[PDB]
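**Student:** Please see the structure below; I have some questions.
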Amino acid sequence: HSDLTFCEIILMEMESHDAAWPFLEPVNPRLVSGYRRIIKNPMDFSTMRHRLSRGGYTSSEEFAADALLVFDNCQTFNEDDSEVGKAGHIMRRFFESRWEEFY
Ligand SMILES: CC(=O)c1c(C)[nH]c(-c2csc(CN3C(=O)CNC3=O)n2)c1C
């Protein structure tokens, strides 16, 4: 629906963010040993983009839950001072700041 256009925009802003590079596609289990074993519910921005593109979100709250899941997964798997771990903390605040502009 057009009701979620503002979420398409937030997602775009996230995809184009300097700290977005870890989160653009699903983590590859061939490259990150045991990732999908440790992280039960992987999530990434392309998966979110596809769900928006097909109209698969029933609410903006569902979209925000997926965003937070990206960052919760990152914090679960990565150290705070690692490059991916640093990026996840940057991106969480970015998402939160944009969400707070509507809520
Ligand atoms: C373990 C973890 O939580 C990771 C996440 C969420 N993301 C990445 C990661 C590393 S690299 C990358 C994107 N990427 C390529 O796949 C090729 N060049 C490039 O920048 N994502 C990791 C390791």
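By convention in this document, the chains of the structure tokens carry letters A, B, ... by their order, each chain's residues are numbered from 1, and ligands are numbered from 1 in the order they are shown.
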Residues up to 6 Å from ligand 1, counting only C-alpha atoms and all ligand atoms: could you list those as number ranges by chain?

**Tutor:** A: 21-23, 27, 32, 74, 77-78

**Student:** Would you output that residue set with N, CA and C atoms, as a JSON list (two decimals), in the first residue's frame?

**Tutor:**
```json
[["chain", "number", "residue", "atom", "x", "y", "z"],
["A", 21, "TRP", "N", 26.62, -1.32, 5.16],
["A", 21, "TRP", "CA", 27.21, -2.37, 4.33],
["A", 21, "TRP", "C", 27.08, -3.79, 4.89],
["A", 22, "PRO", "N", 27.04, -4.00, 6.21],
["A", 22, "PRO", "CA", 26.85, -5.37, 6.71],
["A", 22, "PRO", "C", 25.44, -5.90, 6.53],
["A", 23, "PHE", "N", 24.45, -5.03, 6.29],
["A", 23, "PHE", "CA", 23.04, -5.41, 6.46],
["A", 23, "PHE", "C", 22.28, -5.42, 5.15],
["A", 27, "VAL", "N", 23.13, -12.69, 5.64],
["A", 27, "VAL", "CA", 24.43, -13.23, 5.98],
["A", 27, "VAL", "C", 24.57, -14.61, 5.37],
["A", 32, "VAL", "N", 30.08, -17.28, 7.21],
["A", 32, "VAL", "CA", 30.02, -16.97, 8.63],
["A", 32, "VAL", "C", 29.59, -18.26, 9.32],
["A", 74, "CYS", "N", 22.65, -8.48, 15.02],
["A", 74, "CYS", "CA", 24.03, -7.98, 14.96],
["A", 74, "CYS", "C", 24.67, -7.93, 16.35],
["A", 77, "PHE", "N", 25.53, -11.46, 17.69],
["A", 77, "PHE", "CA", 26.58, -12.24, 17.05],
["A", 77, "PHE", "C", 27.95, -11.58, 17.07],
["A", 78, "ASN", "N", 28.01, -10.26, 17.14],
["A", 78, "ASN", "CA", 29.24, -9.52, 16.91],
["A", 78, "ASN", "C", 29.65, -8.74, 18.15]]
```

**Student:** Using only C-alpha atoms, determine which residues lie at most 12 Å from residue 52 in chain A, disregarding the query and same-chain residues fewer than 2 positions distant; provide the list as a PyMOL selection string.

**Tutor:** chain A and resi 1-12+45-50+54-60+62-64+66

**Student:** List every residue of chain A that DSSP, applied to the backbone, labels as helix (DSSP H, G or I), and write the result as a short mmCIF file (atom, residue, chain, number, x, y, z; two decimals) with C-alpha atoms, in the first residue's frame.

**Tutor:**
```cif
data_model
loop_
_atom_site.label_atom_id
_atom_site.label_comp_id
_atom_site.auth_asym_id
_atom_site.auth_seq_id
_atom_site.Cartn_x
_atom_site.Cartn_y
_atom_site.Cartn_z
CA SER A 2 0.93 3.64 -0.44
CA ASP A 3 0.30 3.98 3.33
CA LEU A 4 3.80 2.62 3.92
CA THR A 5 5.65 4.96 1.55
CA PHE A 6 7.43 6.55 4.50
CA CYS A 7 8.81 3.15 5.45
CA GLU A 8 10.11 2.67 1.89
CA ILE A 9 11.90 5.99 2.36
CA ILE A 10 13.35 5.05 5.75
CA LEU A 11 14.58 1.76 4.28
CA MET A 12 16.19 3.58 1.34
CA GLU A 13 17.92 5.96 3.71
CA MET A 14 19.20 2.95 5.65
CA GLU A 15 20.38 1.13 2.47
CA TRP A 21 27.21 -2.37 4.33
CA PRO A 22 26.85 -5.37 6.71
CA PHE A 23 23.04 -5.41 6.46
CA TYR A 35 25.51 -17.88 11.83
CA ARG A 36 22.05 -19.37 11.11
CA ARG A 37 22.60 -21.83 13.98
CA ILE A 38 23.19 -18.97 16.44
CA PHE A 45 17.44 -4.82 4.36
CA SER A 46 16.95 -6.64 1.02
CA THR A 47 14.57 -9.09 2.64
CA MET A 48 12.69 -6.11 4.08
CA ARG A 49 12.75 -4.35 0.73
CA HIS A 50 11.25 -7.36 -1.00
CA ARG A 51 8.54 -7.66 1.63
CA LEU A 52 7.59 -4.00 1.17
CA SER A 53 7.72 -4.32 -2.62
CA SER A 60 4.47 -0.11 10.00
CA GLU A 61 5.04 -1.74 13.40
CA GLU A 62 5.88 -5.00 11.58
CA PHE A 63 8.44 -3.13 9.48
CA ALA A 64 10.03 -1.59 12.57
CA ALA A 65 10.21 -5.02 14.24
CA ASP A 66 12.20 -6.30 11.27
CA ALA A 67 14.56 -3.32 11.45
CA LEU A 68 15.21 -3.88 15.14
CA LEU A 69 15.72 -7.57 14.42
CA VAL A 70 18.58 -6.69 12.09
CA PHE A 71 20.28 -4.79 14.90
CA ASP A 72 19.42 -7.29 17.67
CA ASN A 73 20.89 -10.08 15.55
CA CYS A 74 24.03 -7.98 14.96
CA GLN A 75 24.44 -7.32 18.70
CA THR A 76 23.88 -11.03 19.44
CA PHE A 77 26.58 -12.24 17.05
CA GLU A 83 33.48 -3.40 12.50
CA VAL A 84 30.09 -5.04 12.00
CA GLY A 85 29.25 -4.52 15.68
CA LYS A 86 30.09 -0.82 15.44
CA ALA A 87 27.95 -0.49 12.30
CA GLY A 88 24.93 -2.08 13.97
CA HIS A 89 24.97 0.41 16.86
CA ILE A 90 25.26 3.29 14.38
CA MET A 91 22.40 1.95 12.29
CA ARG A 92 20.10 1.29 15.27
CA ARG A 93 20.31 4.93 16.35
CA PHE A 94 19.82 6.09 12.77
CA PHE A 95 16.69 3.99 12.44
CA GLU A 96 15.42 5.11 15.83
CA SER A 97 15.97 8.77 14.96
CA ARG A 98 14.00 8.45 11.74
CA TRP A 99 11.19 6.50 13.39
#
```

**Student:** Between CA of residue 81 in chain A and CA of residue 40 in chain A, what is the distance in Å, rounded to a tenth?

**Tutor:**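 These atoms are spaced 23.2 Å apart.
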
**Student:** Rounded to one decimal, what separation in Å do you get between CA of residue 24 in chain A and CA of residue 42 in chain A?

**Tutor:**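 Those two atoms sit 12.2 Å apart.
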
**Student:** Would you work out the distance separating CA of residue 39 in chain A from CA of residue 26 in chain A, expressed in Å to one decimal?

**Tutor:**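 According to the coordinates, CA of residue 39 in chain A and CA of residue 26 in chain A are separated by 11.7 Å.
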